[PDB]
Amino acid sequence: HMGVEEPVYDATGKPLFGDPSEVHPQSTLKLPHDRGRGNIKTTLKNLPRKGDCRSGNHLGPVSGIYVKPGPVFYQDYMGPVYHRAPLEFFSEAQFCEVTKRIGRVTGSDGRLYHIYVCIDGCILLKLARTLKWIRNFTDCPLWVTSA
């Protein structure tokens, strides 16, 4: 009843609605992977790195990088998440003075995008033209990376 195109997925990897789709082979998200011991927020500077799921960190368990508009970052998350960027809620972005690249995500079009955080707070995508995440419609984050 959200009436959206792109599904969100539970912590077992099952879509809450619609058909499942696979992640891009070169995305930083590697599935299958466990998640959901807690909802643990973090910051851009301290995003978890590859390998961190083994030991976790001082904030608690780590499953990977999650992001939603705000921007808000998590190192683990329990609720439904996007496995692909929901391009229905993105639009063309204008120039960004300073960016931080945080991963590589599959788009809802099946294509591979670099994902960034702009200094203005916007979440940006670039293929391999820039798009920005303008609508936090479902308030579900995008699972960017498996740690």
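Sequential numbering from 1, following the sequence displayed.
- Where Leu16 is followed by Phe17 in the displayed chain, the model omits none of the deposited residues that would sit between the two.
- The PDB entry records a higher mean C-alpha B factor for 18-26 than for its counterpart among 18-26 and 135-143.
- When 111-119 is weighed against 89-97, 89-97 comes out higher, by mean CA B-factor as recorded in the entry.
- When the C-alpha B-factors of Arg49, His58, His83, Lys41 are ranked from the entry, the top spot goes to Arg49.
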